[PDB]
Amino acid sequence: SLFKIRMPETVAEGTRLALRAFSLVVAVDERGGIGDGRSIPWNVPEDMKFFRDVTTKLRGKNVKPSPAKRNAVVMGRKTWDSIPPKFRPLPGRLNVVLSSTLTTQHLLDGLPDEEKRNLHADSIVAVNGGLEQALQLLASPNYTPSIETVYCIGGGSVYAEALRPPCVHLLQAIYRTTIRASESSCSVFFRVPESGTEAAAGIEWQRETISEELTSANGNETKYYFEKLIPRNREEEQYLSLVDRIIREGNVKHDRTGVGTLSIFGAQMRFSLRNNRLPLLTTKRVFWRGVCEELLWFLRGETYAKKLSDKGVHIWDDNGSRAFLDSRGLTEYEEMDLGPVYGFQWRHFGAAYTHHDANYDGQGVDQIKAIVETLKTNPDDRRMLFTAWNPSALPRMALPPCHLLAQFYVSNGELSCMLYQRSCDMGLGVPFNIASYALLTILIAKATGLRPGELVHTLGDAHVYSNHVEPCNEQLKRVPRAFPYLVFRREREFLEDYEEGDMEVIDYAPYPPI
Amino acid sequence: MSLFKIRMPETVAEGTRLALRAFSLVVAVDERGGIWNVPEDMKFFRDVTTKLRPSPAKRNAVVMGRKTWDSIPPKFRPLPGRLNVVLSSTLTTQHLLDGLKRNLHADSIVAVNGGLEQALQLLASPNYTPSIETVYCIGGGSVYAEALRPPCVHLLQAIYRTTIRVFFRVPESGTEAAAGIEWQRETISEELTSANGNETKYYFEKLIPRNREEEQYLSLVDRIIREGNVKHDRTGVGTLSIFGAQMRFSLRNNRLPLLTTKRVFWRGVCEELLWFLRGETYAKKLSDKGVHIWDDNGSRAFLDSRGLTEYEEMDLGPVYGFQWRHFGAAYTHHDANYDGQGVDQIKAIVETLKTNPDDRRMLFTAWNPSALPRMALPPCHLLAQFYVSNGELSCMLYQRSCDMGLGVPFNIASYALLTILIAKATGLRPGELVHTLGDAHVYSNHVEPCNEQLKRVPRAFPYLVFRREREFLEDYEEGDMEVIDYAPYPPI
Ligand SMILES: NC(=O)c1ccc[n+]([C@@H]2O[C@H](COP(=O)([O-])OP(=O)(O)OC[C@H]3O[C@@H](n4cnc5c(N)ncnc54)[C@H](OP(=O)(O)O)[C@@H]3O)[C@@H](O)[C@H]2O)c1
Ligand SMILES: NC(=O)c1ccc[n+]([C@@H]2O[C@H](COP(=O)([O-])OP(=O)(O)OC[C@H]3O[C@@H](n4cnc5c(N)ncnc54)[C@H](OP(=O)(O)O)[C@@H]3O)[C@@H](O)[C@H]2O)c1
Ligand SMILES: O=c1ccn([C@H]2C[C@H](O)[C@@H](COP(=O)(O)O)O2)c(=O)[nH]1
Ligand SMILES: O=c1ccn([C@H]2C[C@H](O)[C@@H](COP(=O)(O)O)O2)c(=O)[nH]1
């Protein structure tokens, strides 16, 4: 306990979600109009179907909406009133209504009968505020992470709030149907701000998809099309442009097997960790549970990989086997005893390692505890770094450290981190390490009374394996989506006590397998 | 009588009405950025907020929270020479005055029942715009917080921060909190020592939002000087030039790209543009307004040097605006009646803009090879094309020959105005100006001054507001509009 890092009284502060991320669904005419102030002056059943499916369906396969896992739909009072009483609430979704007039009971009182009220009791909530207040409520443990995706559907006032800060920064996707008509009957309008405009607040909107022009079977042959707009993700673009550079200009190298590689030397990337943001790459899914479990394992100063494999994390299995250890001369280590790797050096630098069973408390230099104490007392210190690169210990490690050094910096109450990585597998390793040092920085922020800032990633030998070239090249076609967020469901007394189940990654919508 | 003019729609003032007025911020912080009697800071505070570039017709405004008003020791309040704007949900302007002396300071205080935004709405109204030169936010924590977030942050022209040795935080560039704004220091002072007890250490900072649009211009001036080809003209006048460039300028939200690193003669810009739109050719209509830009090209001597021997002084022939409104019409003299003569390109564009926004032929030219020999000067800005997106009107200007020092900033302003006026005539909001340059040059005599101007950090652009409207486009007068919050650098 004396050797552990005690979390400050402000643990959940500076990590708590202010607003839940959301997507937006809207239909417009070509003049950008949405309604007359009361209803919608066109009828395209095909769009009503799309609206239903996009807001109703969960991500993935064979899904079933439920009280424990469902989508939420946020609307204004006038939008609620525009739904015919028999068709409301919107089935299979949590209906969040914004209103200063009506309470949650008032909304139920507007339902035809008691049977409908008793049944749909759990599926209707009133918020006395705007969309921001709703996102604050949907950021609550009761709703986060039970609600998979929030959808704003909400009408001009709510749309306007959605497209302006602070809410627009939480907007992951705009699903926009355009009706080919110029309706004069429209009094309410909708517009998305353009790339370099003041109103865009630094967001660059671009289309992921646009459909062909379609014809409605509504009797009027009305033309319409679909668009999905997403906020340009320049941070993931860094990683993609590096991959592309490696393919096009990288030197051919061969590793310690004769396995071919394309590589460059010297690169740098940056990622915002502010306001719960988590740089998990979207163009290819990251094994977050592995990232999380292993980072905690590092932080504890652990060396027994069986603690990972017992948790279904098999990333170290091949490097912990009898055959592999033996091939490094480590004939005395039991299987899965990796030696004094990584987090052992973080917590116990220079300590004399023999086996994982030994008790290393207070042995070596605890670099992480030293950093935490410095951060809370003199955050402007320029020596706040730790290393796993220990030439004295290297020969007795299963693997020499890859991500080998990290340095901290503080500005405006924000903690930033620079990672140094000597050898960077772009296809699989790099996205994993970005997620890993994002988590670390967030946890150190919580341990020190600071808000998370930025992750800087310095790469040495950045490379793409021979068999990754073609997959990675097809991945380059994908337009990066908005990043997920990290949320803590509970806290701990000590940093070392944190569990993978204490936190949840929300609003992670990566592209399917290549 | 007015059948050949362009009638404005009912929605004239809608697309150019000022929602919020621009402002600057003054704050004193400790070494941790938090929130004590440094007289030099008080003198600075007074000088910045009080001084004009002061009367009930021409003064600065100061916006403050209620408790900041409370913390000003009575008799120092109201702050002299400034309109005092106090934000309060509890106190009216009568209440504030009751706390005071009275009578003569009635015209000096106003309570606003709301936040900074609501106060900026009020100051944007004709009563306080442009009668108030600069708005200063000095108000407490809650007011500063509102100042450094949208919508208000988009109207913040400068931050004057004294650091002396609730937290005041300027969002770092690239941050979501920054909202696309890049804050940077125009100036930072040496660490100064106060004259008092304790020998207090303190320094001044002036932070400004990076003007990347004016940087295009300065980046081009720089490239022309460092890399431009040398030419000496028919008179032996030296020039440095490059060929082919392009700049963009936003016109949204009343924004006016008047360059700040070197003052632009706005009044001349505006009078001349209106003169173009009217199809005018008699430059004496401008000189009789104190705009003398065409004098050296309208004189008998110059006219004769172009062999234009039958034109009376200041009659320039079928130049510019004549081609805009009467393309290909036969020109005799300026006083002749040209109604219905030639092709009215402006009116055709206006009608197309309202009926078929996506048309790709919405352009006009002054480049008329048939009429060039009869012009005092061939057109420099010779083609403009229009474009509509998201209810916004955009414009592309083509300029064959571009004097970077004096001509170019003038023409940016000129076509900025044009686009604003055409949007008003067509039911659209101003979008973007795109400016294509041909032979872009800096004169030998401008190299040194231009090089010094390059040291100056571009400031935030001013705004154009319309004080009154007109029934016809051609009826617009320079007095109908005002440029607000234009704070250019002094002479080179
Ligand atoms: N084309 C489309 O895809 C689409 C989709 C949805 C809606 N619409 C149309 O949009 C029109 C309605 O839009 P609208 O903007 O006028 O109304 P609205 O957005 O639908 O609802 C506004 C109402 O929401 C409540 N509200 C919103 N913000 C609030 C806040 N900050 N604090 C407290 N309460 C708040 C207020 O309820 P109280 O009055 O009770 O205080 C307010 O009157 C209708 O014609 C509808 O058909 C179109
Ligand atoms: N170091 C510096 O440069 C500096 C500059 C200014 C102030 N300060 C200090 O800070 C102290 C006060 O700071 P503060 O944080 O309390 O801010 P404040 O200046 O006192 O502003 C808060 C007050 O302004 C009014 N207000 C603000 N926003 C409003 C809105 N949205 N709608 C209606 N009313 C609104 C409210 O007045 P009502 O309660 O009457 O409704 C509110 O109580 C002062 O004592 C001063 O000494 C320091
Ligand atoms: O954390 C890690 C660990 C290994 N890698 C990859 C990078 C390299 O291709 C191999 C390590 O091989 P080595 O020869 O030890 O540098 O694994 C990674 O990208 N991130
Ligand atoms: O609107 C204008 C008109 C003239 N200029 C400058 C550009 C050229 O240096 C001269 C015209 O001389 P010229 O030889 O016709 O290109 O004036 C300008 O920059 N903007």
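Residue numbers in this text run from 1 along the chain shown.
Method on record in the header is X-ray crystallography, 2.4 Å.
Placed from the backbone N, Cα and C atoms, the Cβ positions cover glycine too.
Features as listed in Swiss-Prot:
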type	residues	note
BINDING	B:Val26, B:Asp41, B:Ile138, B:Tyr144, B:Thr162	substrate binding site
BINDING	B:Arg234, B:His381, B:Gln399, B:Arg400, B:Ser401, B:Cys402, B:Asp403, B:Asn411, B:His441, B:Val442, B:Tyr443	dUMP binding site
ACT_SITE	B:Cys380	active site
C-beta crowding around B:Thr162 (substrate binding site), within 10 angstroms: 20
Binding-site residues compared (B:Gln399, B:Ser401) - highest count of Cβ atoms within 10 Å: B:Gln399
Chain-internal residues, separated by at least six, CB under 8 A from B:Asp41 (substrate binding site): B:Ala28, B:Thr162, B:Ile164, B:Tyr202
Unmodelled segment of 7 residues: Cα separation of flanking B:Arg165 and B:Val166 in Å: 17
Integer Å distance between the CA atoms belonging to the residue listed as 'active site' and B:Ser401 (dUMP binding site): 6
Inter-residue Cα distance where the pair is B:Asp403 (dUMP binding site) and B:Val26 (substrate binding site), in Å: 38
Between B:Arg234 (dUMP binding site) and B:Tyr144 (substrate binding site), the C-alpha gap once rounded to whole angstrom: 59
Binding-site residues compared (B:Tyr144, B:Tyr443) - highest count of Cβ atoms within 10 Å: B:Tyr144
Inter-residue C-alpha distance, B:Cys380 (active site) and B:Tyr443 (dUMP binding site) (nearest angstrom): 16
B:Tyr144 (substrate binding site): nearby binding-site residues from B:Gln399, B:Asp403, B:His441, B:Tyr443, Cα cut-off 10 Å: none
Residue with minimal Cβ packing [other Cβ atoms within 10 Å] among the recorded positions B:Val26, B:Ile138, B:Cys380: B:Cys380
Residue among the binding-site residues B:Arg234, B:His441 whose Cβ has the most other Cβ atoms within 10 Å: B:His441
Across 5 unmodelled residues, the distance in Å between the CA atoms of B:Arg53 and B:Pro54: 10
Under 8 Å by Cβ from B:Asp403 (dUMP binding site), same chain, sequence gap 6 or more: B:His441, B:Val442, B:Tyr443
Cα-Cα distance, maximum over B:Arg234, B:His381, B:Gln399, B:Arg400, B:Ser401, B:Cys402, B:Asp403, B:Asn411, B:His441, B:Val442, B:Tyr443, record's dUMP binders, Å: 24
Residues among the binding-site residues B:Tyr144, B:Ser401, B:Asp403, B:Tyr443 that border ligand 4 - Cβ under 6 angstroms, in sequence order: B:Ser401, B:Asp403
Chain break of 7 residues - Cα distance B:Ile35 to B:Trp36 (Å, rounded to integer): 11
Interval of 4 unresolved-in-model residues, reported as the Cα distance (Å) from B:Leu100 through to B:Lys101: 6
